[PDB]
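Trainee: got a sequence here, can you model it:
(chains A, B and C)
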Amino acid sequence: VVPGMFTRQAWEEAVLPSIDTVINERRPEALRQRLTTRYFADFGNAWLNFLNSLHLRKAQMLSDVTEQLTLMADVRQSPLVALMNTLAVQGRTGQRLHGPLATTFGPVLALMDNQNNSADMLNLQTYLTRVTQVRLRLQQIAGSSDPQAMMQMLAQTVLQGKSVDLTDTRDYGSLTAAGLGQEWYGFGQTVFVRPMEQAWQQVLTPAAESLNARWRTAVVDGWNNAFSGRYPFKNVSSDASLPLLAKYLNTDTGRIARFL
Amino acid sequence: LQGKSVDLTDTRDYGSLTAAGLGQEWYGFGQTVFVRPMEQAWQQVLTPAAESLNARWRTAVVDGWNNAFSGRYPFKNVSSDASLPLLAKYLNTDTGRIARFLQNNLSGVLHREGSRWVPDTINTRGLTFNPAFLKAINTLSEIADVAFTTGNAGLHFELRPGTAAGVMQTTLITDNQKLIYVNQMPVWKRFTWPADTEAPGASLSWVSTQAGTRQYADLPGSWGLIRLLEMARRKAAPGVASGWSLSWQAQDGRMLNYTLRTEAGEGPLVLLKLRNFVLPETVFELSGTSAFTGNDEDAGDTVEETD
Amino acid sequence: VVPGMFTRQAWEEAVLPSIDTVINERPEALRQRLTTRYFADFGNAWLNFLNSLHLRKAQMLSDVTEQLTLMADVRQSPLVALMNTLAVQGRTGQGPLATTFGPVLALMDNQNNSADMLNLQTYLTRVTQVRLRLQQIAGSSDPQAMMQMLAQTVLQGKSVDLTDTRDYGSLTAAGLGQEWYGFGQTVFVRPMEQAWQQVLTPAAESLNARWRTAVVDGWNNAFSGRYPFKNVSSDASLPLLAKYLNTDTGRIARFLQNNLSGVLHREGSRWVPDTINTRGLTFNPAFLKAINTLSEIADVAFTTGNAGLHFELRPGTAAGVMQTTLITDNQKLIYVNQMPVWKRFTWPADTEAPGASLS
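Mentor: Numbers count the residues shown, from 1 in each chain, chains lettered A, B, ... in the order given. You can find the structure just below:
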């Protein structure tokens, strides 16, 4: 974090309902709202400078984004759910109505799920557990085959196809993000999107070096087994067969054509 | 195993979320109420299904492969020979019946890779199969990628001049493509192995120093060239690239030599792999769990090439 | 054994001599002399106990599942109770810690502000992940097979987990300040290391069987007793050398790209085994010496995939010698002491009767 929140925590609305009235007499109600309005306008302005620049999510290196997706989704050790309760109870102590429209209609509404299609916090919190379900089953419980053979499968079915577990959680992490104000844009960018890019950066480079190790058993051995030491590749007497080479270098039916 | 959304996969996908959606203290609880009553169905679904594919496989293609090719030549040494173009429906790469059994009946189990059949892409544990099947499909696909390139089932291979010792006029005929030889300058020639309509067959005839022509052996039938080539397999030669020679020790000590050069892999010598070849029994058998027999495919060619 | 007579956890009993060394005599550094020497015995008589810690052996599969679970399962995890015992007596300097429990208490919960080496909370999770896989093979799926079914994933499949689970033992005991507290952490590295020593030990007894079968048997049944191995005059066999010792399609060049990749890695002519994944794996130096001979042959003899080379030569002159010898494979070179020139040869020449002689 980068700190902020300077002496405007909601405790001081229990020891300063006094000094706003102390200045009313020396200088009564026409100044009272004049102080209360300026103070509550400088309230959310204090907290948005701490609540926009949180940070990146401390971008993680190889293969161990499964730990972060458990320390975002677990209910008794969450550093997110407790922060949501912090925003609830230190946002209501601003008096429900005169608790300002800044620090209410952002993240306080998303906590209380209505009995409808409201973009609640619980749905992204369940989809995060599904993505770390698939990724935890990928690495450790690769069922005696490599994770590479499934890494290539996921990087096959995301990039060109439709509707797998990763393509939908990032779709869900945009309507709750940009569905907030102009001021919580810098907040909704870094809790609701960035725990998907930290899986997207650690899903495709194992697949990128897995397509290699499948490519040197799919067609390279079949191409260096028939045409190894014949004429038009190494200057030896005997020559490579003409009609067998048509099964590799065609444009629609050959194996090199049926690999790409 | 290969599709999506039956009643088995979704209940386990449900049994994961409510289990790992608890704390770190009820992890050991949620592992044994919500997931483990699916593994006790998963262990009792597939081994009856493992030994059912056996009993479908010995009525789908094995009886078809032993009904047409039962007692003919290149599997048991009888006179009459197995028909050539009917075999092209059983050994093609993409349209034959064996090629149309391993693309939809177990498509998540054996991926077609190169020319052999790689087993370790099941992503599955607790299910291994007979190594006899995995060798007996690899040999057949090696036949599929040497002889049969265009479906019409014909290869062609370069030819043999002679260098001899005390014998002249070495003559061989196959499929009305002559080779007469009287110790000229040795020059290669070319044989296509299945020819057009003729009297198809093959024979070898030499002329001794004190007697005229006497033919070595004549063998009739379209499957003729592979029969008389069997007899003299002292082969391995350190010369040309495919590097083969033939001995053909005929009567009274006059040996007439040759030197075979093939084009695509091994030529028509690879058709001698088919003798005593039966498509084996069951796949997916429980027996044979730990066995390392990955040396016969090298040792058979060791005995073949050196002797 | 021998935890000594720990003079700590009785800190009130040294409060009264902190006053008795000044008031009883008639200078303030006499309190500070003993205050700096209040934790010399703490820096010895706790430091020797952590190095007094060792392990108890497991030496089977199920004992590793028993031994390793007791360390990570947080309720009744008496490693965490021991680390809390060590977290009790060093929390104050007496932030910064004036005693030498400084770097050890950077493991308990240090609030890792960008010095992200390792927390003890993270390290215990990687122990449970190994417990899960070690429970899978023991979990009634023919464990003589599933252990090898795991053991192939370490070598050649190049799994994604193997970079992280091994390196936490390296990146904790090295980074744990004193080498003695790193030695106590070396007592707490080994349950990872002994676990992978348990897993990768049947991998040796399986891969030695498969390498005895797939190359060595077809080698010795074919090539033993010919000329260039045992000095006899029988049965030169050339073109099987280009089927074994070839560069790309030979079976020895197949075995190194289908079952021992990830540890063996081709670099030019040789394949020196260099990564962090070779830890817990010691190569027979006979093997690495033999297969660097059988890859430097494949850059002279069989460069075109089959047999054949090319080389030229030139004779000389001597006393009484005026002649010519080499006729090798029907390309003669004749000299009667004329001017010397270079003639082109070929070793596996196309003839029905190979041989050489001299004259």
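Trainee: give me the nearest residue to residue A:222, chain neighbours excluded.
Mentor: Of all residues not flanking residue A:222 in the chain, residue B:114 sits nearest, at 4.4 Å (C-beta to C-beta, 6 or more residues apart in numbering or on different chains). C-beta coordinates here come from the backbone N, C-alpha and C atoms, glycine included.
Trainee: state the number of residues packed around the one you found.
Mentor: Residues near residue B:114, counting by other C-beta atoms under 10 Å in any protein chain shown, number 17.
Trainee: same question, residue C:92
Mentor: 10.
Trainee: before we move on, back to that, so how far is residue C:266 from the residue nearest to residue A:222?
Mentor: Distance, residue B:114 to residue C:266, by C-beta to C-beta, to the nearest Å: 20 Å.
Trainee: picking up where we left off before, dump the residue contacts of the residue nearest to residue A:222.
Mentor: Residue B:114 is in contact with A:217-219, A:221-222, counting by C-beta atoms under 8 Å, 6 or more residues apart in numbering or on different chains.
Trainee: then residue A:106?
Mentor: Contacts of residue A:106 by C-beta under 8 Å, 6+ apart are A:180-181, A:183-184, A:187.
Trainee: what's the ChimeraX syntax to select whichever of those are buried?
Mentor: ChimeraX command restricting the contacts of residue A:106 to the buried ones, with burial defined by 16 or more other C-beta atoms under 10 Å in any protein chain shown:
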select /A:180,184,187
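Trainee: now flag whichever of the contacts of residue B:114 is closest to residue C:149.
Mentor: Among the contacts of residue B:114, residue A:217 lies closest to residue C:149 (C-beta to C-beta), at 19.3 Å.
Trainee: in a helix, the closest one, correct?
Mentor: Yes - counting by DSSP: H, G, I helix; E, B strand; the rest coil, residue A:217 is part of a helix.
Trainee: okay, now the closest residue to residue B:37 other than its chain neighbours: neighbour count?
Mentor: Closest residue to residue B:37 apart from its sequence neighbours, by C-beta to C-beta, 6+ apart: residue B:15 at 7.9 Å. Using other C-beta under 10 Å, residue B:15 is surrounded by 19 other residues.
Trainee: repeat that for residue B:158.
Mentor: Neighbours of residue B:158 under the rule other C-beta under 10 Å: 18.
Trainee: isn't it up against residue B:188?
Mentor: Yes - at 5.2 Å, residue B:158 counts as touching residue B:188 under the criterion of C-beta atoms under 8 Å.
Trainee: find residues that contact each of the two.
Mentor: residue B:261.
Trainee: give me every residue that touches residue A:98.
Mentor: With C-beta under 8 Å, 6+ apart, residue A:98 has these contacts: residue A:40.
Trainee: mind listing what the closest residue to residue A:204 other than its chain neighbours touches?
Mentor: In this structure, residue A:204 finds its nearest non-sequential neighbour in residue A:155, 5.1 Å apart by C-beta to C-beta, 6+ apart. Residues near residue A:155 by C-beta under 8 Å, 6+ apart: A:203-204, A:207-208.
Trainee: list buried residues within those residues.
Mentor: The buried subset of those - by 16+ other C-beta under 10 Å - is A:203-204, A:207.
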